[PDB]
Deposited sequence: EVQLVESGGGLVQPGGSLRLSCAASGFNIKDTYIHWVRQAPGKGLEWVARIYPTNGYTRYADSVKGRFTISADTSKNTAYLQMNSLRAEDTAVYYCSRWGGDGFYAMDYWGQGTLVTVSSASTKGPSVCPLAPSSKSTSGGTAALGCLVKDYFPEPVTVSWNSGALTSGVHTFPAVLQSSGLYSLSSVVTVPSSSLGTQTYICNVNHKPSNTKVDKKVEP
């Protein structure tokens, strides 16, 4: 079972530094090249660096060379990206990836990515506000307001309610804080026959909230 798992991402001030790691299992990184590829929110994919872990040879994109250092530890089956002199432009999800083959130089396996946010703004937890059904089809929701940085996750009834759910992408307000809504449509008659709880988790601030949405 091939797995790539990135860690180390988070909030860091401009001019600061951060070390990412890409832990591999189900294959030996010595048998291939490992890459870091990054994506800024709403933007395309940008290759950052790569390493051949057997001899440790490295290449970099112009946009990062001199600031970023890729490395590897073949016994721990893990690649690293030391990121120094970080700028606002470096803000992105960072994926690590492999070619994984002899004459097979496509990127067949990718990790799930780690989010690096370069900003002077501090961490703040969301307020969670229920959106009540007002009274066919009724709608209700939860507003998750003024949190930083991304990401926020939301489920309904601990993941048991999924049908009709819409959790919208966050919007960035002019204040520099995020907010997002999650809603669900339900039959109007159902409103007296079940409770609805939205489960909000903001990892960066360690804020967990469970608001009941009362009609």
Give the ranges of the deposited sequence, numbered from 1, for which the structure holds no C-alpha coordinates, in sequence order. 136-140
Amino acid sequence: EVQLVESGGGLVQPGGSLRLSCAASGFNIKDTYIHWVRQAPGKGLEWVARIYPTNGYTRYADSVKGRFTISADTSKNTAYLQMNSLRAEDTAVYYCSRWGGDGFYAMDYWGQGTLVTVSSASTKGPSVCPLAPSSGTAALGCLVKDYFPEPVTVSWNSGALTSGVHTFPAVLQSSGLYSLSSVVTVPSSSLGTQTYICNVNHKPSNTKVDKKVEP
From here on, numbers count along this sequence of modelled residues.
Average Cα temperature factor in the PDB entry - higher stretch of 137-145, 101-109: 101-109
Decide which of the stretches 186-194 and 151-159 has the higher mean C-alpha B-factor, going by the entry. 186-194
Which of 55, 179, 39, 167 ranks first by CA B-factor in the deposited coordinates: 55
Would you please rank residue 20 by its C-alpha temperature factor against the other modelled residues of its chain and give the third it falls in: lowest, middle or highest? middle
Residue 59's Cα B-factor: lowest, middle or highest third of the chain? middle
Hey, what third does residue 128 fall into on Cα B-factor, ranked over its chain? middle
When the modelled residues of the chain are sorted by Cα temperature factor, does residue 43 land in the lowest, middle or highest third? middle
Quick tally, chain-level thirds of C-alpha B-factors: residue 115 sits in the lowest
